Amino acid sequence: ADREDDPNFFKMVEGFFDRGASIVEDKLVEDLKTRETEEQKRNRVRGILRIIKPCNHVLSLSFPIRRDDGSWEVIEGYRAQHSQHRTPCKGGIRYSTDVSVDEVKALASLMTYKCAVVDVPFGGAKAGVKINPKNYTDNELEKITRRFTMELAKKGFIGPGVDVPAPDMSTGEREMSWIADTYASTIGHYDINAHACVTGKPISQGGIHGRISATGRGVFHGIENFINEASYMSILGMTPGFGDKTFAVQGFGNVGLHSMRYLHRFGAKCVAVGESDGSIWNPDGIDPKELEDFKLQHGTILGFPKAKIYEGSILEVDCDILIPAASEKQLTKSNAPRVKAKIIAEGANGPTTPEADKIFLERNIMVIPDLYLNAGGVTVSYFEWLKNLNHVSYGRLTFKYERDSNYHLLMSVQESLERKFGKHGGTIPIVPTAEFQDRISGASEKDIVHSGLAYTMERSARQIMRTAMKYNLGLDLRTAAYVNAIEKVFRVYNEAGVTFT
Amino acid sequence: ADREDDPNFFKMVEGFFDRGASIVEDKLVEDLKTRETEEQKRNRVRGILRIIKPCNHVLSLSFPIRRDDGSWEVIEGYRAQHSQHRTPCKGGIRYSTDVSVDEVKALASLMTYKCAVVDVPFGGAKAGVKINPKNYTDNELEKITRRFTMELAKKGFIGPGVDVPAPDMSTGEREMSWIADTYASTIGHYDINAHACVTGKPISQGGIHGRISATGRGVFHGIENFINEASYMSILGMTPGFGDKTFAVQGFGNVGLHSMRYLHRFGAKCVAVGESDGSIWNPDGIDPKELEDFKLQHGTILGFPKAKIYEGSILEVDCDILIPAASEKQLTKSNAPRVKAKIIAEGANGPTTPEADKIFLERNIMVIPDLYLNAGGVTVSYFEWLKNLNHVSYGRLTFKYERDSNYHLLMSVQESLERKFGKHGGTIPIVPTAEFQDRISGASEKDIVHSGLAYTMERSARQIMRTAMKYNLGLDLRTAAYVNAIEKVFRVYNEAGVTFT
Amino acid sequence: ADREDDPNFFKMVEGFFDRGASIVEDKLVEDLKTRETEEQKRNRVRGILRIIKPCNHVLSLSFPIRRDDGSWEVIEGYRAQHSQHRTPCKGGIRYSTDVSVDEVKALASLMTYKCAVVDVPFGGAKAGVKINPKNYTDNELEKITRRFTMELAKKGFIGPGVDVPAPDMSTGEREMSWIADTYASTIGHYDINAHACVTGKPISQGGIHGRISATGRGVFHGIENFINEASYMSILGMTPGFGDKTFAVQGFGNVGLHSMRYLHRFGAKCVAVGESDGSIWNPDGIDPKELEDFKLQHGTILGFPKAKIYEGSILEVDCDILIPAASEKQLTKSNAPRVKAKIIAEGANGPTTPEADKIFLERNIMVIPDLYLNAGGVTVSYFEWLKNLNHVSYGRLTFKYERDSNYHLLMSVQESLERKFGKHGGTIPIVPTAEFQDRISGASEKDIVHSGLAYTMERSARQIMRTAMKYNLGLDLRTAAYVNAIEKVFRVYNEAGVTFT
Ligand SMILES: NC(=O)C1=CN([C@@H]2O[C@H](COP(=O)(O)OP(=O)(O)OC[C@H]3O[C@@H](n4cnc5c(N)ncnc54)[C@H](O)[C@@H]3O)[C@@H](O)[C@H]2O)C=CC1
Ligand SMILES: NC(=O)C1=CN([C@@H]2O[C@H](COP(=O)(O)OP(=O)(O)OC[C@H]3O[C@@H](n4cnc5c(N)ncnc54)[C@H](O)[C@@H]3O)[C@@H](O)[C@H]2O)C=CC1
Ligand SMILES: NC(=O)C1=CN([C@@H]2O[C@H](COP(=O)(O)OP(=O)(O)OC[C@H]3O[C@@H](n4cnc5c(N)ncnc54)[C@H](O)[C@@H]3O)[C@@H](O)[C@H]2O)C=CC1
Ligand SMILES: NC(=O)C1=CN([C@@H]2O[C@H](COP(=O)(O)OP(=O)(O)OC[C@H]3O[C@@H](n4cnc5c(N)ncnc54)[C@H](O)[C@@H]3O)[C@@H](O)[C@H]2O)C=CC1
Ligand SMILES: NC(=O)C1=CN([C@@H]2O[C@H](COP(=O)(O)OP(=O)(O)OC[C@H]3O[C@@H](n4cnc5c(N)ncnc54)[C@H](O)[C@@H]3O)[C@@H](O)[C@H]2O)C=CC1
Ligand SMILES: NC(=O)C1=CN([C@@H]2O[C@H](COP(=O)(O)OP(=O)(O)OC[C@H]3O[C@@H](n4cnc5c(N)ncnc54)[C@H](O)[C@@H]3O)[C@@H](O)[C@H]2O)C=CC1
Ligand SMILES: Nc1nc2c(ncn2[C@@H]2O[C@H](COP(=O)(O)OP(=O)(O)OP(=O)(O)O)[C@@H](O)[C@H]2O)c(=O)[nH]1
Ligand SMILES: Nc1nc2c(ncn2[C@@H]2O[C@H](COP(=O)(O)OP(=O)(O)OP(=O)(O)O)[C@@H](O)[C@H]2O)c(=O)[nH]1
Ligand SMILES: Nc1nc2c(ncn2[C@@H]2O[C@H](COP(=O)(O)OP(=O)(O)OP(=O)(O)O)[C@@H](O)[C@H]2O)c(=O)[nH]1
Ligand SMILES: N[C@@H](CCC(=O)O)C(=O)O
Ligand SMILES: N[C@@H](CCC(=O)O)C(=O)O
Ligand SMILES: N[C@@H](CCC(=O)O)C(=O)O
């Protein structure tokens with residue numbers, strides 16, 4: 001998208017890592033309380049850091065499918081497993097003609113660090129199939145997905161205990177259903193956990209409430225934790241809260257649409273929505289329900305009645321918050337000086353080059369990094385995986401017990417008070433509030449997903465802020481996130497003896 | 001038992017399914033939001049329904065055992081796995097000379113729909129060994145059970161992740177213990193979940209509190225949910241409640257005895273008990289403890305001192321509630337007109353022919369169907385399976401923490417009140433009621449089984465009633481149950497792409 | 001095909017077995033060198049024989065396929081494994097709407113006894129899929145075959161070490177190629193012997209020279225061994241040899257066509273060819289090349305220019321040798337009195353009922369039984385299986401060495417003679433005959449198949465003749481074959497301890 005500043009994607013992520021490694025290297029050496037206090041301490045710390053960076057296993061595939069017209073075609077595919085310091089590996093499947101070994105390796109490493117940031121016990125992985133799904137029938141896409149699943153399974157690149165895929169660009173519920181069905185019907189036929197081989201499944205198939213919207217929901221929570229922190233909003237020259245703010249959204253897919261829904265719900269105003277074919281704009285606000293309904297009907301956002309076909313880059317629209325939610329390397333050395341927003345919330349994976357990060361720093365623009373902000377997807381995938389391993393819906397064993405227990409608890413307060421203020425205090429009814437009445441039976445699956453996600457995004461934001469203050473990083477939240485990720489992954493490699501050697 | 005009306009058991013169940021299918025076919029088509037809205041929608045729906053009905057896998061066995069006298073004998077066995085839209089498969093093992101491929105296939109399909117009715121995530125299965133256990137020593141029954149287990153295991157028809165058996169007619173705790181022991185000692189020696197290969201185990205071997213009586217306990221809860229619904233008792237010309245009612249029980253086994261115990265406990269009167277050799281009768285009431293104690297002593301029901309040997313069919317005894325709890329196809333065209341009970345509670349599997357269902361409908365007789373009413377067995381088997389997968393007894397990690405937490409909670413109310421009503425109010429002791437003092441530590445295994453079962457039977461009864469109302473089915477509860485079952489199973493097949501094809 | 005005499009196929013084969021059992025029971029008892037010479041001996045022999053008759057494992061399947069027009073259809077399938085006294089099991093796959101559990105069990109048991117007759121170390125098995133293949137496109141038949149393979153593999157009913165299928169009615173090279181490809185590409189991906197999971201493969205995929213024509217070639221060898229034995233030809237009143245004889249063939253498939261080719265090659269005259277739509281007749285002879293070429297061109301036998309459309313049963317055509325090579329139970333008590341032929345060579349499996357056998361005995365008609373006569377198919381399948389296990393083509397390692405060795409051997413005779421008869425004898429060239437020059441390099445795959453088959457059919461014929469004289473069975477060759485089969489299978493069960501009970 002830019003021939004001036006177009007770094008190799010894997011190496012760009014390695015650069016981000018190098019930078020966080022630079023900052024913590026002292027802390028790692030000093031923690032290390034080995035008798036070698038000689039600066040082979042320094043040496044073993046940077047030997048371990050070199051082990052963490054490259055992907056351990058990458059599988060490249062070519063397999064034939066026969067198209068609906070009868071033609072034979074060769075499909076190309078890839079899956080990278082970056083780290084196995086936690087198992088299984090976790091990461092999505094991308095259907096796109098931009099798929100390549102380097103793109104997949106880069107996203108696989110992002111998954112490792114992202115999972116470490118939100119304390120999700122998975123190593124990183126990613127897959128890609130180099131096709132444009134719009135050029136294939138549904139029957140052909142099913143054939144490609146099912147065959148890809150078996151080629152991965154034959155070589156140990158999918159399974160509930162090694163590698164658990166998930167949706168990404170141009171895949172969703174539908175593909176995940178296909179993956180889970182052919183895994184469970186063949187190699188997983190005797191495995192009690194066969195349907196935990198993949199997440200993002202439909203509900204009828206072991207999916208979890210809110211997985212489709214989960215990463216949008218997490219984008220809201222990530223922004224909210226920082227947009228409500230007066231210390232960061234001072235440096236930006238902006239007022240805490242959502243009620244008065246504007247935002248623009250690049251990409252109207254699963255991440256972009258649901259980020260818009262939740263931000264709109266809490267008083268922000270969507271001004272611009274950009275897509276693969278063009279952009280639309282309205283300074284008075286775009287309604288997400290109307291835009292979705294139009295998009296579902298016409299297969300495009302152009303021509304939306306209540307906004308005007310906007311020319312020029314969606315990334316340079318004037319707004320408070322820019323949400324790049326499409327592909328990677330969209331903000332570069334070129335357009336970074338014209339961005340006009342004061343908060344960049346990366347919903348997409350790797351939308352900002354390192355050169356663009358430098359410009360944004362100089363310019364007091366806050367980039368909330370992908371490592372943290374889009375990790376709501378993998379957090380709720382983690383909940384889905386646990387739901388599959390546990391083989392019950394949350395609360396089903398305890399709803400009645402817990403309901404009865406709570407009423408007897410409140411009755412214990414009632415009877416204790418009547419016992420004391422006897423006859424002429426009268427009857428002293430203790431009853432639930434409206435809000436407690438609605439929790440009287442304990443959490444359900446929906447409650448766990450919402451509160452578990454909010455808990456994770458908040459706990460992770462505080463850890464990033466703590467680390468940024470400690471090292472005087474200002475608005476370089478990306479380096480603070482990598483610092484936390486590196487510290488966690490380093491400790492695992494260090495206390496494990498590294499490897500089987 | 002009746003030459004007039006003796007339909008093929010598997011097809012009889014298919015008939016029940018066809019009825020429910022015909023009622024919901026419209027709702028399925030409408031619901032289906034696909035691009036080809038012709039009756040090619042109606043074609044896809046009927047094609048899926050044809051896939052659901054037949055059993056996917058049936059295994060037939062012949063194996064030799066050498067009897068205690070030294071002779072060789074050939075034993076015949078069968079296990080059917082009806083559906084794998086949920087895994088594992090679940091279903092009991094029947095030892096009987098009436099066992100056949102068709103009987104086993106019929107019961108396997110009943111397990112699928114039954115599990116869907118109570119939201120238990122298992123596909124249906126069933127097994128049968130064609131012997132009369134009364135003609136074999138305990139030593140021979142152990143050798144038959146252990147060998148049957150190995151022949152099933154070799155071909156993938158038992159295992160914690162494919163197929164989990166359970167007791168049925170003429171098997172119980174003892175056979176399940178044998179099954180679990182030879183599975184875990186051979187093929188399952190390395191499997192962390194080996195003891196979840198079968199349910200209905202003794203407590204000492206991974207069984208769960210109340211499994212033996214669970215299906216009787218569920219029969220009580222199923223009746224109660226309908227006997228307390230004035231709308232249904234109006235149509236019957238009856239008074240809500242148990243305190244004034246009579247019932248008769250065909251079959252004094254695991255289902256019959258415990259149904260009697262719980263109904264007797266809540267004020268119903270047992271008037272008649274029928275059994276393979278004869279019946280007994282007493283309009284003043286039969287007490288279940290005395291009857292069981294007699295039966296344990298003498299091996300039969302007849303000659304019970306405190307009732308008289310009744311001649312003529314147990315099914316035509318005069319009572320309010322008839323509980324067939326023996327074999328299948330007991331109520332037919334023939335004796336349906338002479339039933340003289342107003343509620344038929346099927347504890348057994350398939351005790352009523354479709355012709356007998358017609359007659360009962362015309363005479364405003366309520367048949368509470370097997371699909372729903374005897375599903376307490378599989379519900380508590382499900383709890384046992386989860387207990388095995390979790391490897392802790394319920395509450396053991398939390399009893400102390402929870403009890404301490406509750407006392408500090410009540411102290412928080414106490415100190416807050418004293419802090420306000422100073423010593424101008426004295427000491428204000430907040431203490432548990434007797435009821436809450438029992439629950440101060442949280443649920444135990446017994447509590448979860450009792451309240452989890454009650455929760456399931458209630459929630460399922462409400463879904464059946466809501467569906468019968470919505471389609472104007474009156475007292476045809478069987479068709480309402482199948483409607484619920486079909487809708488649930490259809491959605492799974494639909495959103496899975498049907499099969500790897 | 002005949003209401004009068006249409007016995008249950010499984011029990012008909014059990015009748016044949018009972019009959020041979022009756023004749024050898026004494027010989028088994030006195031061989032038995034145990035010292036409880038009581039009529040315990042008596043009793044264990046009869047107990048073992050009842051263990052041998054029933055099938056040990058039968059799997060019944062239902063699976064959905066989506067047809068080319070888009071509709072869903074449920075396919076029904078069966079595989080029976082009769083005995084595992086030798087492993088793997090061996091038997092063909094039949095595509096036919098007459099397929100049934102009893103048909104498959106019957107053919108599976110025939111495979112056990114057939115394999116014992118020709119000393120092929122396999123237990124018996126058989127499979128059937130209930131479809132008519134001409135009502136399906138090639139694409140549909142491929143999906144049905146591939147899916148059937150996976151359903152069998154999941155449950156242990158196909159594999160190089162348990163069960164090795166092969167072609168039968170309406171399957172051939174094509175289907176076997178599909179079976180081998182999906183087995184080796186999925187469950188067998190790591191198995192060094194994956195391509196020995198099925199026989200009858202095309203040559204390019206591990207097949208062996210002459211498998212398609214093997215069972216026809218064996219029919220010729222079986223007839224020849226008996227048609228050249230003057231003692232049997234006396235009782236028939238006819239002249240040894242082929243040069244003067246006529247035959248008719250019911251069924252022009254893989255067995256029928258190749259039986260015709262080889263008999264025609266050695267001077268017999270084919271008068272009549274019958275098939276599913278009609279028969280053709282010519283007392284001057286039908287040429288198999290021209291008939292096959294016509295059949296390949298028009299898809300039928302009728303209208304063949306050099307014969308006349310014959311009406312009335314092919315089985316009653318007047319000829320010396322009748323070869324039923326279609327389905328089973330074609331000769332019954334009805335048409336047995338009108339057969340006209342002196343020799344009935346059963347190429348097909350079970351074409352003669354026991355009642356028809358009695359009539360043929362009374363009329364001095366020789367029935368060469370299926371157990372022996374069509375076993376050339378399984379014999380060459382056995383060679384194919386061994387070729388797969390050995391992973392070399394026969395002779396490839398030794399052609400050059402053996403060639404060189406033979407020339408040096410002949411040169412040793414030459415030089416020894418010259419040394420002795422010095423110059424007064426000249427040069428004494430020792431060179432191969434034309435026949436030996438063809439064998440100078442040793443056997444190839446083709447040579448082993450031809451001579452290995454001839455060796456097996458001859459050795460088995462003499463064992464049958466020896467046994468028939470021994471017990472004064474005359475022309476009841478079927479009972480002599482079963483006697484040999486039973487003796488061999490009994491010896492294995494006896495010295496194995498029967499089973500692990
Ligand atoms: N799928 C998930 O759960 C998660 C996805 N992500 C990342 O979010 C990003 C996008 O989210 P997806 O779920 O893939 O959405 P999606 O694949 O459903 O839709 C992507 C949208 O972006 C549009 N698009 C593509 N290139 C564009 C361009 N140059 N300008 C404007 N629009 C463009 C497409 O037309 C489409 O509307 C990806 O980078 C993905 O890796 C991050 C976390 C979780
Ligand atoms: N084995 C499998 O293929 C699947 C297994 N599961 C397991 O079930 C556990 C619980 O999830 P749920 O409690 O189902 O969520 P849930 O109770 O919210 O169920 C959501 C949907 O599943 C339906 N459902 C329940 N039992 C069914 C049955 N026997 N047949 C068809 N549909 C049925 C419900 O009626 C509802 O429509 C999960 O932990 C997961 O491990 C879930 C889905 C598929
Ligand atoms: N075992 C379980 O948890 C469940 C059992 N069922 C069904 O309940 C029925 C029986 O319950 P079981 O557990 O098998 O109890 P059981 O097998 O321990 O006892 C059955 C009793 O019925 C008697 N009986 C047999 N044939 C009879 C006939 N023709 N008329 C009258 N009485 C007869 C027997 O003598 C025996 O006393 C079966 O249909 C079974 O499939 C259904 C759901 C759960
Ligand atoms: N691995 C196996 O073979 C068995 C495993 N279990 C597992 O244990 C889990 C929890 O069940 P429990 O804790 O047994 O229920 P529980 O704590 O209620 O105990 C049931 C009975 O087992 C006895 N018991 C406990 N530990 C024992 C030991 N080490 N040796 C002998 N007896 C002992 C207890 O005294 C009690 O009588 C279940 O999920 C089950 O799968 C249970 C029985 C056998
Ligand atoms: N294929 C093999 O290697 C062996 C086959 N067999 C048996 O030989 C018999 C047939 O040979 P296949 O290989 O099946 O050849 P095939 O199935 O390719 O041909 C069978 C022929 O018989 C004809 N046919 C079917 N029913 C008929 C009827 N009622 N009357 C006249 N013709 C009829 C068909 O039109 C076809 O021409 C079967 O019984 C099979 O079990 C026995 C040993 C080996
Ligand atoms: N693993 C597999 O899928 C297969 C394995 N084989 C193994 O080879 C053994 C002997 O059979 P062959 O030696 O093939 O019989 P063979 O030596 O008579 O050759 C049969 C044909 O295979 C061709 N062939 C040989 N090597 C080839 C290669 N690398 N790629 C493609 N075609 C090739 C030859 O040109 C020849 O036309 C079999 O018993 C089997 O173990 C044979 C066929 C398939
Ligand atoms: N695309 C889209 N998804 C929706 C819409 N409304 C609800 N959902 C999603 O459907 C799932 C179930 O929605 P609800 O039953 O309303 O429950 P919910 O979790 O409170 O919904 P939300 O708070 O909006 O996430 C959630 O993942 C929702 O985000 C919608 O209008 N459009
Ligand atoms: N056969 C038989 N079983 C009994 C009897 N009494 C209790 N049980 C069962 O034995 C188990 C132990 O009973 P309890 O210790 O009283 O526990 P419980 O769950 O309160 O028992 P119930 O309320 O009677 O179901 C439970 O499964 C009972 O259902 C009895 O008198 N005869
Ligand atoms: N269907 C059919 N098969 C043939 C014909 N001719 C040969 N075959 C078979 O095709 C294979 C190749 O034949 P050949 O190369 O001549 O080898 P062969 O061993 O001499 O074959 P035979 O003629 O049977 O002796 C062998 O299995 C033959 O049995 C034919 O005309 N029609
Ligand atoms: N593919 C998403 C989430 C992966 C998952 O849910 O496992 C990502 O890029 O983070
Ligand atoms: N066999 C019981 C259920 C067995 C089980 O608990 O799984 C029935 O017919 O439903
Ligand atoms: N299906 C053939 C042969 C099977 C095989 O080659 O194994 C038969 O009936 O004997």
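Residue numbering restarts at 1 for every chain, and letters A, B, ... go by the order of the sequence lines. Values below: every heavy atom of this structure, side chains too, minus hydrogens, waters and symmetry copies.
Screening C/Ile179, C/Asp181, C/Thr171, C/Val129 against C/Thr145 for a side chain to side chain contact (heavy atoms under 4.5 Å, CB included) leaves a single residue, C/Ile179. Exactly one residue among B/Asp26, B/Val24, B/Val29 makes a side chain to side chain contact (heavy atoms under 4.5 Å, CB included) with B/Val45. That residue is B/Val29.
Donor-acceptor pairing under 3.5 Å is lacking for the side chains of B/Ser100 and B/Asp102. Judged by distance alone, the side chains of B/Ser109 and B/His82 never bring a donor and an acceptor atom under 3.5 Å apart.
Taking the six-membered ring where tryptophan is involved, the planes of B/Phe17 and B/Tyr113 are tilted, since the angle between them lies from 30° to 60°.
Counting heavy-atom pairs closer than 4.5 Å to chain C, the top residue among B/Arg146, B/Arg46, B/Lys154, B/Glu151 is B/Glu151. Interface summary for chain C: among B/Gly70, B/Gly47, B/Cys55, B/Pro64, the most heavy-atom pairs under 4.5 angstrom belong to B/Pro64. Ranked by heavy-atom pairs under 4.5 Å with chain C, the first of B/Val162, B/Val74, B/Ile48 is B/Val74. Of the listed residues (C/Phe157, C/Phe63, C/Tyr78), the greatest number of heavy-atom pairs within a distance under 4.5 Å of chain B belongs to C/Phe157.
Side-chain contact between C/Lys130 and C/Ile75: absent, with no pair of heavy atoms (C-beta onward) separated by less than 4.5 Å.
Only the side chain of C/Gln81 comes within contact range of chain B, with at least one heavy atom under 4.5 Å from a heavy atom of that chain. Interface remark: B/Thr501 contributes side-chain atoms only to the contact with chain C (heavy atom separation under 4.5 Å). Looking at C/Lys155, both its backbone and its side chain come within 4.5 Å of chain B, counting heavy atoms on both sides. Both the backbone and the side chain of C/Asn56 come within less than 4.5 Å of a heavy atom of chain B. For chain B, the nearby parts of C/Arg50 are the backbone and the side chain; heavy atoms of each come within less than 4.5 Å.
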Evaluation steps, side-chain contact (heavy atoms from CB on, under 4.5 Å), between B/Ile93 and B/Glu175: CA-CA 9 Å; B/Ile93 303 185; B/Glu175 285 77 25; over 6 Å; no
